[PDB]
Each structure stands twice: as C-alpha cells, then as structure tokens.
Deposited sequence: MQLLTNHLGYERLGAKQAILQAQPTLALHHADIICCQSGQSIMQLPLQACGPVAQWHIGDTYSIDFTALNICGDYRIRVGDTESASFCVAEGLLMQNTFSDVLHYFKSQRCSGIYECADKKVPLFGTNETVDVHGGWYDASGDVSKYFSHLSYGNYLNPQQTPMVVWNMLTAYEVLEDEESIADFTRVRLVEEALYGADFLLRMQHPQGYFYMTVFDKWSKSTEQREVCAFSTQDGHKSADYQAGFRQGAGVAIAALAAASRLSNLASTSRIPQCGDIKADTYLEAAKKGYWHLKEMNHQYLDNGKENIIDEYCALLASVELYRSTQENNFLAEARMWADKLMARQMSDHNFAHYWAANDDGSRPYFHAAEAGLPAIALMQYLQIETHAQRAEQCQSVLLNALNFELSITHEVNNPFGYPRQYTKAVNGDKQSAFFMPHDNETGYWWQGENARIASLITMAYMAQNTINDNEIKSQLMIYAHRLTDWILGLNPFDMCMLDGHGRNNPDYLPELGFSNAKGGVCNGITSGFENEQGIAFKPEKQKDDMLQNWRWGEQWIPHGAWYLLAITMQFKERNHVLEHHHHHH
C-alpha cells in the first residue's frame, strides 16, 4: 500500500485528494497534534488503461480549510506530510521559478558567440544575444521548432515572455505581492522582450532559432530552422505565426503597455522602458506576417496554431493601440479559431488541427492555448452577439476537456486528449501519439498540463456557468497535483521541491536546475497504452532519455503562469 499526495500540499480552498494504491477508510492527521481530525471513505477506481498500477481509491478531503500540516493514514500506511495554505504555490515556489529563469539566461561565451551568429547558408552575421537556454541539455535558443511537422510547433521563448507579462498584470492588484517581486518579474520579462527585439530582421520577420545541432560548440551556433532527430539545418528561419512569431508580437505589444500599470511608476527605475520600440516592432512584425505568413509555412497552409497565436497578437495589439483595425483583425482570427471546434462520431466539440477535422489538435506544450486565446479575445469584445457566440464555443471547449478527461477510469485526473497517429485513426488517449508528423518527437507534457491549469483558472473570470467553473477548479487542482508528485511515480517534477526530483545527465555536466520543470511522464515506449518515466530499456540511452528528465523552459513558464492564475482565483469558491 502507498498513499500518494501532492508533495507540497493543497491550496486552502481547493479540491483536495489523495490516492491509495493497494491490492478501510482514511484518517486526516494534524501534524502539530498527532491526532485524527477527519475520517473519510475510500472511493474505488478501476485499473487505468494498460498502466498496470493495480486498483486505486481516492480520498476526498476538500472540506479541510484549516491552514496547517497534515498526513493521510489508512491502516498502518501513512502519506508524507504536506501543507495546506492560502496561496501555497505562490508562497513556496514562485520566487524559485524566477531564479530558475535568471540562472538559465544565455551568458558568457554563448552570449559572446550570439553577438555574431551567421544566418544559415550565408556569411552574414547578426547580433541575437540574450534570452535563455532552451533546456538543461541544450544552449540553443528558440522561437519554435518541429516546423516541418506543421501541427506540432511549440511556442518557446516568446511564450515565456507573454506568460511573465501576463502574470505581472494579474499580480498588479494583489496587495500581498511585494514590489521587489514585481521588480524581479518584470526584469525577467523585459529581458525576454529585448531578445525578441533582437530576433526581428529589418524586413519585419523573426528568426526561428539559434541552433548548434546540440553540440554546445560556439562555432556551430547559427540562425536557422532544422528538421528530424539528426538536426539538419535549413535556411527557412523566417517564423510564421505558428512558429513563435505570433506570440512574440503579442508579448511585445503587452510589454509596450506597462506604463498603464501603477506599479511601473512606483518601483525603482533606470533608463526608461523602451515602450514605443516594443510597440513599433510588434506592429511591424504583425503587418509583415499578414503579407508573408503563408510563404513561411512548411506546407503553405495556416492551421489552428497560427490562429491562436495570431489571435493573441492582434488582441494585444488592440489593447496597446485602441486602433480599430486590430479589433477587426482579432475578430477575424477569433472566427477562424472558433471554426476549428468540430464534432464527429467520437466527440462533440473537439478541436480540429486541419480544415476538415480529420487531424485533431493535441499539443504537448500548449493544449490550453485555443481556449486561452478565446478568453483573451473575450476581454476586448464589446459586441454582445459576437461575445455570446464566443462564450458558447468557449464553454463547449471547456466541456470537451472535462468530458474526455472523464471518459475512462482516471483516478489521477490526468488531462486526456483526442489524438491521431500518422498511420492510425482518431482516438482519445492520455499521452501524445509517438507516430506523428515529426517522425521521432514525443516527451513528457508538463507544459501542456500547466497550460490547461492556466485555462481552467482563466475560465473563472470569463464564463457564466457556475457548475462548469466548479468542475474546472477541481480539474485544475488535480493537474497541479500530478506535476507536484501525485502521480504513479510518486515524483515531484518541480526541482527543489517535494521528493524524487529527476535529473537529466549530471554525469555529463547537464544537471537539472532548481526551480525548473522537466518534460515528465509519457505512455510506454513499446506500449502506448502503458505509462512510463525513464523506463529501464531506454533510461541509459542518450538518443531517447531526454524525453523524460530533461528540463525545458516552456514547462517552467507555463507553471509560473498556472500558479499566478491559481493565486488570482485562490479565494473564489
């Protein structure tokens, strides 16, 4: 018998569960007392897919709202201690995540190299210094990659910037947040913004990547795109809306607006914030891609990823300029994005990746973004009928997430998805399919998980359905639990907190950093109905083991925004 909990703890007013894996009822013990304060029943749950973890029971101790330290006991099996606190993850983890970013800033010989990096295929060198190393084992810097697969592009460095700026605005009205924390957060954000400036060519487009073929050599760093697990470079480095650039424009436009917030006047300053420079870059990049986008896409065709990224761009540009043309632009993108919601024989209201819905949208970094982008758009849409129609597509999208998550036995509340392999049919699953358009790529989904936590909390201020809001709060707390150690490996994936933190290749000097988040758990390597983390047969194989333990900056950025949204909503019952 093992009692699994969130290794850190539970938000004071959140949904609260533990999972017993055993082949009784449960006590909740006050640590300070040593004595039982609740006695609760075990709800039986079936076996999960082919995870082969035995039967499980959940214990629901949501009603506990007393701040303290507690333990769960069943029989003579005790969980580890965990904490219940208001603002628990804000209080215990938010600072560490900023230090993680500052520790990952491109610096020393790499920063020196990146002042004079060549454009692939040419001898022209450009100054693209700044930003962050992408991963605990990769000093390359990315807008996105996997572009040659079309449907898999993750938003990388730009997403970190937009997430931090958006977190900063959310915290603006929080009295218990200190101005020094604002100084640190906006610094990391504008540091990122400054790199997004340097990644823009005079023509207006942004570079996709500064890539060294994973060599760690300064001489191999080049502005390029790249494809396959062999990292073959190409000259197709102009970033289309889905290849990072839409989110970069969105982040730049948000950055230009900081002087709208009272804290920006109050905190210490030096120089002035280059506000107009950010805004002009965002506008220029935007009108450039409305001219050039399709020519930058590998298959020449826009898909749901373009549409949510361009929606964020045009929305932020509208908030930052109040120019009617950007509201028209946002309406245009929102209409397209809403039309990706489609129904078939398996699901009502799933998200389509392509035009006919034959390829469902699923995304290991950012599955919450279609709904997130719609919520952002809802903050600006004053047309009552457009707002109403959008609310309903947004409600169906939230319902679809809950519904597919609950379709099958799922004691952990792992957010399920609708996927398709290249030689396979559409099907619901826990984890992304391994046979996809990249021909190799799949890994833990912590960023995707945190993007869905972010969507669930954002919905609290957006929708009207109190029942759905309720189920979202619960969904959000269990996805949070998974990342923080309530999973079958009893493993906290936020480094420096909880137990069993995994490492990457510290024997080779590629160690995971405190405050960072790793890729995480996948299906099995041979059995895609299985579950795995550093499975025995691949654990020592360097061509494969990065799928599990390596850290990657989008995980940390989406976790940062997730916990900031949790903090906003921490008292909404």
Quiz item: What's missing from the model if you number the deposited sequence from 1?
Solution: 24-28, 579-586
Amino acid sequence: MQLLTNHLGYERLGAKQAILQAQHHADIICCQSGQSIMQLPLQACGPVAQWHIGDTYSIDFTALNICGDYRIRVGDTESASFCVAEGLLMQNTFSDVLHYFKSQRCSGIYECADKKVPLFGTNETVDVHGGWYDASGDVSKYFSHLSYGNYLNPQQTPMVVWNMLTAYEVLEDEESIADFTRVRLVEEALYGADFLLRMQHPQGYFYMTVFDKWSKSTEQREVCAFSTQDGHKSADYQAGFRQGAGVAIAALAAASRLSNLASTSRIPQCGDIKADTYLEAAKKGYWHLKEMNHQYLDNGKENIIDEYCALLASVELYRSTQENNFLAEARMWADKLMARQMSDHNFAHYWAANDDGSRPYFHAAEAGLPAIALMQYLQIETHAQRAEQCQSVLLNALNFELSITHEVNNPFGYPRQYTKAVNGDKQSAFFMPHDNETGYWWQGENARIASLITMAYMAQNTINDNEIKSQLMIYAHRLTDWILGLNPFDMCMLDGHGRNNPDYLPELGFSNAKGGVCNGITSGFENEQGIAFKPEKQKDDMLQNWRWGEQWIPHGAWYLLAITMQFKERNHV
From here on, numbers count along this sequence of modelled residues.
Exercise. Report the stretch with the higher mean CA temperature factor, choosing between 321-329 and 152-160 on the basis of the entry.
Key: 321-329
Self-check item: Residue stretch of maximal mean CA temperature factor, 259-267 vs 85-93
Solution: 259-267
Quiz item: Between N545, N512, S523, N65, which carries the biggest CA temperature factor in the record?
Solution: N65
Quiz item: Among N303, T480, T166, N409, which carries the highest Cα B-factor?
Solution: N409
Exercise. Could you tell me which third, lowest, middle or highest, the C-alpha B-factor of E172 occupies within its chain?
Key: middle
Exercise. Please rank the C-alpha B-factors of the chain's modelled residues and tell me whether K274 sits in the lowest, middle or highest third.
Key: highest
Self-check item: CA B-factor placement of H383, once the chain's modelled residues are sorted into thirds
Solution: highest
Quiz item: What third of its chain, lowest, middle or highest, does the C-alpha temperature factor of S314 fall into?
Solution: middle
Quiz item: Lowest, middle or highest third: where is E124 by C-alpha B factor in its chain?
Solution: middle
